[PDB]
Number of protein chains: 2
Amino acid sequence: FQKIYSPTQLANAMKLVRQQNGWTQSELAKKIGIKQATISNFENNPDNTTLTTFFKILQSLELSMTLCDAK
Amino acid sequence: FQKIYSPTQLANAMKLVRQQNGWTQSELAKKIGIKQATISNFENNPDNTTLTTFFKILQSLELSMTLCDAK
DNA sequence: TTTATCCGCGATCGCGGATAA
DNA sequence: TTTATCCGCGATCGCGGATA
């Protein structure tokens, strides 16, 4: 768990968490009630993703976030 | 620095950091080059706010984020 | 099976700009 | 001075759905 500085970095880290637990986009989507396509857009093109989508996906991954010093 | 679970909670936490440092929306917006209106929409209505905006505002605040376990 | 891409649709974004208050 | 709100604009969202 490290500091995250961009949407791309964020999406890559969460995608890795998804893969490391062997979850599919479809099963995560079903779990929180959004489209599989929405998870695919977030993983690939996270820049315009809504905060609401990010939080729903975070919950699906059994994750949360905290703020920290940029340093 | 607490676990954050929603856009509102995130926006409230970041607004608080802005105020605790005595920073105005205008000076943050000018610092990273976005609209003052954009920071205002984020603070009040964060749900559909983009990941790009959220990250720009974090940088303006000298903040970063980290993922963690949801518990 | 898994993931990425496309349609139309209604909604909202963030922009420049100008207010409102 | 500070922050919230509105306009028009082009872009993109996330939706149900159906492909690639």
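Quick note on labels: first sequence line is chain A, next is B, and so on, each numbered from 1. Heavy atoms only: backbone and side chains are in, while hydrogens, waters and symmetry mates are out.
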Side-chain N or O of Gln25(B) closer than 4.0 Å to phosphate OP1/OP2 of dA4(D) | yes
dist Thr50(A):OG1 -> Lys56(A):NZ (nearest 0.5 Å) comes out at 8.0 Å
| said: Is there a side-chain contact between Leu51(B) and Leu51(A) in this structure, where contact means two heavy atoms from C-beta onward sitting under 4.5 Å apart? | reply: yes
Using Watson-Crick geometry (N1-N3 plus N6-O4 or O6-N4) or G-U wobble (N1-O2, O6-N3), each under 3.5 Å, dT19(C) is paired with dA4(D)
Heavy-atom check, side chain of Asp47(A) versus side chain of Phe55(B), under 4.5 Å:
no
Whole-Å distance, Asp47(A) CG to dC15(C) P, equals 13 Å
Query raised in the report: So, is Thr53(A) near the phosphate of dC13(D), with a side-chain N or O under 4.0 Å from OP1 or OP2?
Result: no
In short, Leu58(A) meets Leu67(B) closest at the heavy-atom pair CD1-CD2, 3.5 Å
- Query: Is there a donor and acceptor pair, one atom on the side chain of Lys56(A) and one on the base of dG14(D), closer than 3.5 Å?
  - Reply: no
Does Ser26(A) place a side-chain N or O at less than 4.0 Å from the phosphate oxygens OP1/OP2 of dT3(C)? no
In Watson-Crick or G-U wobble terms, with both distances under 3.5 Å, the base opposite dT12(D) is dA11(C)
What is the nucleic acid contact for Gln36(B), judged by heavy atoms within less than 4.0 Å: base, sugar-phosphate only, or nothing? base
Quiz item: Counting only side-chain N and O atoms of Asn48(B), is one of them less than 4.0 Å from OP1 or OP2 of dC13(D)?
Solution: no
Original post:
Is the shortest side-chain N/O distance from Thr52(B) to OP1 or OP2 of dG14(C) below 4.0 Å?
Top reply: no
Is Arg18(A) close enough to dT2(C) that one of its side-chain N or O atoms is under 4.0 Å from OP1 or OP2 there? no
Here the distance between atom P of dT3(C) and atom NZ of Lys35(A), to the nearest Å, is 16 Å
Note to self: Do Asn48(A) and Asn41(A) make a side-chain contact, defined as non-hydrogen atoms from C-beta onward lying under 4.5 Å apart?
What the structure shows: no
**Prompt:** Looking for any heavy atom pair under 4.0 Å, which part of the strands does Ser40(A) touch: base, sugar-phosphate only, or nothing?
**Reply:** base
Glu43(A) CD to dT5(C) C1', in whole Å, measures 15 Å
Rounded to whole Å, the CD-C1' distance (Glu27(B) to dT1(D)) equals 11 Å
note: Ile39(B), atom CD1; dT1(D), atom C1'; distance rounded to Å ~ 16 Å
When rounded to whole Å, the CG to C1' distance for the pair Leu28(B) and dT2(D) reads 13 Å
Margin query: Is the phosphate of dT3(C) approached by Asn44(A) (side-chain N or O, under 4.0 Å from OP1 or OP2)?
Written below: no
- side-chain N/O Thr50(B) vs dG14(C) OP1/OP2, d < 4.0 Å: yes
Rounded to whole Å, the CG-P distance (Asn45(A) to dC6(C)) equals 11 Å
